[PDB]
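Spelled out, the chains give:
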Amino acid sequence: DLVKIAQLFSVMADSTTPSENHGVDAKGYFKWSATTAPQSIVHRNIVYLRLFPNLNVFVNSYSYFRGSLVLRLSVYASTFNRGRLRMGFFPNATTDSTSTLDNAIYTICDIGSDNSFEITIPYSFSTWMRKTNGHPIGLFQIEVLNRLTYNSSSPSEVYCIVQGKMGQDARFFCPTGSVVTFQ
Amino acid sequence: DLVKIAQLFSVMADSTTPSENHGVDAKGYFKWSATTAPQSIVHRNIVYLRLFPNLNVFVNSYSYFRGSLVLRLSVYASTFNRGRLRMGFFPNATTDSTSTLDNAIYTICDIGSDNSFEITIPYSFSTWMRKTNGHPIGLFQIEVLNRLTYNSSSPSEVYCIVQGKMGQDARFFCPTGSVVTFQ
Amino acid sequence: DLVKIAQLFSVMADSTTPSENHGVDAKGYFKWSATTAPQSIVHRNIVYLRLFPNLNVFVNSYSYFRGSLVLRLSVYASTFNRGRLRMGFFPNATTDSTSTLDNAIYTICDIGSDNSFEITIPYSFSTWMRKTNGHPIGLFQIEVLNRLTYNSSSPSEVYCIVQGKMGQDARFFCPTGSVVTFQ
Amino acid sequence: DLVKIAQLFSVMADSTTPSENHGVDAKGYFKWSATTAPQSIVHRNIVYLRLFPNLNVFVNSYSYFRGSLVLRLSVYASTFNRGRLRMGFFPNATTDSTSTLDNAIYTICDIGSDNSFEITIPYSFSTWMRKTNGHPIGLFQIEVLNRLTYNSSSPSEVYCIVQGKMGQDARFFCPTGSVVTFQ
Amino acid sequence: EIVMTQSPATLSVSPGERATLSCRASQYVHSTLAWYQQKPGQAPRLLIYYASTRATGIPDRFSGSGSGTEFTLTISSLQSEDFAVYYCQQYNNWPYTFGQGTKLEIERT
Amino acid sequence: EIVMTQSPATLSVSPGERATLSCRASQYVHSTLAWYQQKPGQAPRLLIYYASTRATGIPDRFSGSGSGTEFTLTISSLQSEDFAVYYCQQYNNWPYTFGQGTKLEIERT
Amino acid sequence: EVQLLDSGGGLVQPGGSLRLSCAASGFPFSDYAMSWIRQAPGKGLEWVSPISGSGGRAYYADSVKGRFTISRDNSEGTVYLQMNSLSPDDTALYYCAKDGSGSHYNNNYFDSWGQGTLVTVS
Amino acid sequence: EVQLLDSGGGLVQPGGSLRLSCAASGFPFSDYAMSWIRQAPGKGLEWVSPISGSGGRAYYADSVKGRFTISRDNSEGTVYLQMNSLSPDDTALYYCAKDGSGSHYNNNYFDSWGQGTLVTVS
């Protein structure tokens, strides 16, 4: 259904990516480098429906809900690189923040051979549907915590690509102009 | 029986080995280095019965068949080196070649911890037996495809030793002058 | 049905016939004469749907498939003449050739009293239907092999008329402008 | 057994054949032409064991009996030629003659499509075996009676090849020097 | 057994005049007849094929006609370079065969 | 990235004297090195291959030795016809590469 | 532009065998039929053999029959004559030549000759 | 005796494409590897591409990469260079050349050059 397409765990902008320009490329990828300390923030991605491209066409072709928002990450580490972050990774448009976000939906990942995580964001929103408008559905934040750990090694930098999905509901509602098309 | 001796998976010349002279030594060993491209040929080994030493005494002590010809390779890789080839590894005296050989008997090996393969050549020959004569029973070719992949690493070169065996038939026929002996 | 008409074993252009002009006439008829050698080619007929007249109206009145293509020959020999050929007689648009064609669909005929053969060509074509367009559905080749053999005899020349039919499918599809008609 | 070889209906010298030299060739072949009258003799073939080549090696390799002597003819006529003879075709060494021979073993053949006859000669001889010696085992006579009848026609001449076989006994006796061999 | 024959074994013509070469066959050959010109020490040159079609690079003074078992090679105004031997050849049936040739020589006093 | 380099960009030698051309490489090349001679307007000429083996038709005054990353082309008595440009080339690994050449010119007053 | 270049002819003893070659250019060689024709001193032209496209059917003249063999290499666009059993009647200048059937008829007209190779069987 | 004959080079506009050909003789062509090397006015020799026997592996120089394509016809023993995307840096005299590996080593020494075809990309 349309849903597998939006659905089948796609990859994401998410943001514009301080690019190589690898960051189109990327998209899915925040950066993973070592770090002077580990706790410092490196990201803050904003989610809509609108914005980042795969989400965009679907969102215009509809303007209601049914769904959830699953973001599952994957890693290109090495023997030699390793890595860990934690990602929020945030419903709807709260606190913008550290602990508030940790307080959020939650996943803790090891980035070793697992090569996949499920951080799923739900739309925790007063109404079942949010319509397509400009300000924001809300933020997804990532925090890279501890880098990479290592070897000799791997050129230093490691990268992740984020994955996006919704359930439960697969099904939305109200079709509207789809981003792609003719005239 | 004589057969375990010829049989019990021996190692091979195969060819004269661009030696160190590691290539006596070797024997079993083609070289595994990285490479400018991967597909290029580095080997072409000729098999008889005569030629390469373990095969020689047996072959002189008999002059017929029963058998098959199993060549199973082993690898001295590292964490750090790795490697892959494909080996033909060829019955009887055909095409001399790439695809013709791939078309041949077949084995695909990973050279990681497996440390052993079975590429078995059969005598696909008009008659059950071939006698010991000079021109050739036929070629075994190896192709190293992709090198080694790696680390820091391992000095670069990696080597394989080939193994030789026949079934099904273990048993031959007609004894004749054995290579070793007195006078 | 339309099919018996296309169907009921019709006779064919096939080609334009080095005419007498017997070759309209003919149509069905390649020539059968003796020959300096027997193997040499005398024909190469191209089949479509379009081209040769009975095939033409049907083909325009439809533009898809269901069918097969049966060409069965008949002979006007005598006591005194005899004859043999082999005819390909070719699906779809291959090799253009001797052996490739022999490799093809196949019939071997004796031209004595049998007075009929079945050489049936199938549409061996990537898709169930081929539409009516210009380049070619493919060639039917005939080879006359050995002439005629004889008597006193019969004036020398002997002729064959080819027959055309399809099954299995009798039934096509999509009607379109039929060749015959008013305005 | 040796017998199929002597046996399996062979063809014969019989005589030296007024040759073309078709008469080696022939061998089996008396001539069939039209004739000024039909009854006149054209042949008189002598049989042994010795003489005419296939019979020769066998006969030397043995020197007794068991057997019978079957001569069955075949014809190369046409639509257009036809033909009839009667052949004696004679045991052992009698009369040399017309009626005496007709009185003999007997076959009457039509030479049209039948293309084969059985005229079998028996050894009617005082003793079961005759040894290999020079004078003669006896004559086979042929008489061509009526020629050929016809057409336009066939170049006029027609030819027959005679066939030779023995039963009942297939099996002989006493081996002796065989015609072929080394030294 | 198809045999071609050129009548004038040698044609002596004055420069500027016309020349006509005949080539008959012992059996019908339709129009598969071709003409060739040959200077000494050189390969033959194709002038006409199909009985009547001139090959590329062959002047219009050269022309051929006829069919069946009788053909003609006409050269309008014979030029100095037209001095040569001429052969016909048929290809209507195997084996392919040539005529014994006609030598066109300059005629003078 | 294998790069060959010929030291004498131009060697001025007197006729009859000897000349020595050097060709180093940026990495070891074993003995797969060959020398070429080139007159203006002509294709190159193979003089030595395998580092030291002279090709057919190459006089004995020409000779080559060396291995690894350093080679030499020695010509005993330079003859008038030995006036030319010389190039080395290796084939020990792809891609195959040539030196920038050495011009051997006649030296006079 | 057709260039038919011929080598291989030389003086040969009787009973000898030569291999003539003729290489072609500037035409799709493998579509055209090709023939060898010879020219004896004190004689006109005789067609000797021709070969058909795929290297399929070949025909010979009765004089040449079992002695001469015609073979094409299409991958290098070359023509070969293997002359066994050489006799003095075979002395000639040998030309390779290229024939074409035009549209859809049965005549094969030659459109280009090579230069000639001499075979002195003496 | 090796004869490597080269045609096809001529003046060409930039952005143009040429097809050079070089035909070989007097050696078993289909066993040998073959290369094209060029020579720019005011420059030495640069090896451009080589092709391996069966028309198997081919290698190119980085300058020539995607623009030039090397193909052999073994049935007519010919070598081809298809030069797309012509720039003035490609102006040169182009030579075809024939290399051999000797016995069982890894070096390929050239043993015969052709005569040179000029490509003026201007």
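Calculation rules
- Chain by chain, residues are numbered from 1 following the written sequence, and this numbering need not agree with the entry; no residue without coordinates is displayed.
- Labels follow written order: the first chain is A, the first ligand is 1, and so on.
- A larger assembly contains the chains displayed, and the values given here are confined to that displayed part.
- As a rule here, side-chain values come from all non-hydrogen atoms in the structure, and water together with hydrogens is ignored.
- We call two residues in contact whenever any of their non-hydrogen atoms come within 4.5 Å of each other.
- Buried area is understood as the total, over both parts, of accessible area removed when two parts are fitted together, assessed with a 1.4 Å probe.
- A side-chain nitrogen of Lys or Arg and a carboxyl oxygen of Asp or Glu constitute a salt bridge if their distance falls within 4 Å.
- Throughout this description, a polar contact denotes any pair of N or O atoms lying within 3.5 Å of each other; where both atoms belong to protein, one of them has to be capable of donating a hydrogen while the other can accept it, and for residues adjacent in sequence the pair is counted only when both atoms sit in side chains.
- For the purposes of this entry, the term helix denotes a DSSP run of H or I that reaches at least four residues, the term strand denotes a run of E that reaches at least two, and both are numbered from the N terminus.
- Two strands form a pair only when DSSP identifies at least two bridges running between them.
- Think of it this way: a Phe, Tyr or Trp ring, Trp meaning its six-membered ring, pairs with another when their centres are within 6.5 Å, and the plane angle makes it stacked under 30 degrees, edge-to-face over 60, tilted otherwise.
- Type-normalised accessible area, obtained with a 1.4 Å probe on protein chains alone, sets the label of each residue: buried when under 20%, exposed when over 50%, and partly exposed for intermediate values.
- Charge-over-ring contacts are defined here by two conditions on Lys NZ or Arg CZ: a distance within 6 Å of the ring centre and an angle within 35 degrees of the ring normal.

- For this deposition, the record names cryo-EM as the technique by which the model was determined and cites 20.00 Å as its resolution.

Let's talk about the interface of chain G and chain E
Part 1 of the argument: Of the residues lining the interface, 21 residues belong to chain G; the matching set on chain E comes to 16 residues.
Part 2 of the argument: The junction of chain G with chain E conceals about 1,700 Å² of combined surface from both sides, 66% of it contributed by carbon and sulfur atoms.
Part 3 of the argument: Taken together, the links from chain G to chain E amount to zero salt bridges.
Part 4 of the argument: Where chain G touches chain E, the interface holds four residue pairs in polar contact.
Part 5 of the argument: The set of elements that each furnish at least two residues to the side of chain G that touches chain E consists of strand 3 (33-39), strand 4 (45-52), strand 7 (92-100) and strand 8 (109-113) of chain G.

Observations regarding the environment of F:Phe62
Part 1 of the argument: Here F:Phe62 shows up in strand 7 (residues 62-67).
Part 2 of the argument: Between the C-alpha atom of F:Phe62 and that of F:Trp35, which follows or precedes it by 27 residues, the distance is 10 Å.

A look at the side chain of E:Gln89
Part 1 of the argument: Its location among the elements puts E:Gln89 in strand 9 (residues 84-90).
Part 2 of the argument: A distance of 2.5 Å separates a polar atom in the side chain of E:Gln89 from a polar atom in the side chain of E:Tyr91.
Part 3 of the argument: Setting aside residues up to four positions removed in sequence, E:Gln89 forms contacts with E:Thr32, E:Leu33, E:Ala34, E:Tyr36, E:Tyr96, E:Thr97, E:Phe98 and G:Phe110.

Thoughts on the sheet that holds strand 7 (residues 119-121) of chain D
Residues and elements named next belong to chain D.
Part 1 of the argument: The antiparallel open sheet is built from four strands, whose spatial order is 1-11-4-7. Each edge of the open sheet is held by one strand with a lone partner, namely strand 1 (10-11) and strand 7.
Part 2 of the argument: Note: strand 4 (residues 69-71) against strand 7, three bridges, orientation antiparallel. Its bridge partner being in strand 7, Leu69 is matched across the sheet by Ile121.

Structural notes on the packing of aromatic side chains
Part 1 of the argument: The final tally for this structure, using the stated rule, is 64 aromatic pairs over all chains.
Part 2 of the argument: With a centroid separation of 5.4 Å and 55° between ring planes, the pair formed by D:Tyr29 and D:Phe30 is classed as tilted.
Part 3 of the argument: Judged by relative accessible area, D:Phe30 falls into the buried class, the value being 10%.
Part 4 of the argument: The interplanar angle of 65° and the centroid separation of 5.5 Å between the aromatic rings of H:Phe110 and H:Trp113 together place this pair among those described as edge-to-face. Judged on exposure class, the residue H:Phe110 and its partner H:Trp113 are both buried.
Part 5 of the argument: Each residue in the set E:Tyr36, E:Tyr91, E:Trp94, E:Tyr96, E:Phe98, G:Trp47, G:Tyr59, G:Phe110 and G:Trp113 is aromatic and connected to the rest through ring pairs, giving one cluster.
Part 6 of the argument: It is D:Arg66 that lies over the ring of D:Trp128; its NZ or CZ is 4.1 Å from the centre.
Part 7 of the argument: Sitting above the plane of the D:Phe9 ring, D:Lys165 keeps its charged end 4.9 Å from the centroid.

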